[PDB]
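One chain comes next, on its own, written out as structure tokens in the form deposited in one PDB entry.
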């Protein structure tokens, strides 16, 4: 079969084409010890990749090799791919073609270097690089719609009509889940809790998933929060301490709709989606309005579907119908579409073979993909 690896900014999802769920889902971090070793002959590792780092994170400096959807550390990225191909999938990469994903509007050297590593280090026989937003449309089983893919470093919109993509209407916002974690780390010190280290960033990310939510009306909710203590929630720290947050629950996800909280000048995701639709042709805006697909993990906040529907409804004309498609499996929608695409007879002639790479070099990926 063919591997379908979705190397995101926050998580790595590997598996085999033709399945329905990823086989390996682990954080994309590499940790190194920051203290000195004292015990004798313990076999203490100098680098931890994946779930090993998350279990020993109290004595490590966790670092993401991918930031904002761009691979900045290439020595660390080869370690993560080695962990995926050997310690997680337990396969020989020389026998399976690999399908990779990449966010739109990325540097041309980010995609070229992936081709060089896959073809010269792991010696795969074929490969292909796909766009994450296109793959999210395969999972939903539709050919017309606009995909809002919010992950850990990139929030991009891609409008597709009858299988045709419009590159001029593609947006890309660099506000995503990691920026929400950092913002929540800052608004927590107002209550007294100080989270600083990279290890404690993972703790705050845990608080964000369990408690944070999106309010339908931000102004009304803020008045309710201060009026009574009916919104406070208690979270227990790993060391037994109990912290309480009352209004930081809905202020952190509000950065998506009000990017001025983190000092950004760009508009919210609700306005960015409307802008992308208006850039398309007038005769295709009606179908794009009713087909709003959301993928990625950052689109999993409770109430984000109801909030997004209400905001776009005000901007759009009253005659038009607005529908937001939020499947419960939208976290793994990019991978599922990759498995569907890689399991198609027509796609079998679109792989980049080793022979083509041996004549045109790593620059063939732009012409083919």
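Positions refer to the first chain, counted from 1.
Keep in mind the form deposited with a small molecule bound is missing from the figure; the text below concerns it.
- Interface membership of residue 139, defined by any non-hydrogen atom within 4.5 Å of the small molecule in the deposited complex, is confirmed.
- The small molecule is not drawn, but in the deposited complex it has no heavy atom within 4.5 Å of residue 356.
- The closest non-hydrogen atom of residue 336 lies within 4.5 Å of the small molecule in the deposited complex.
- The small molecule is not shown here, but in the deposited complex it comes within 4.5 Å of a heavy atom of residue 343.
- The partner is absent here; in the deposited complex, the one residue of 258, 143, 121, 87 having a heavy atom within 4.5 Å of the small molecule is 143.
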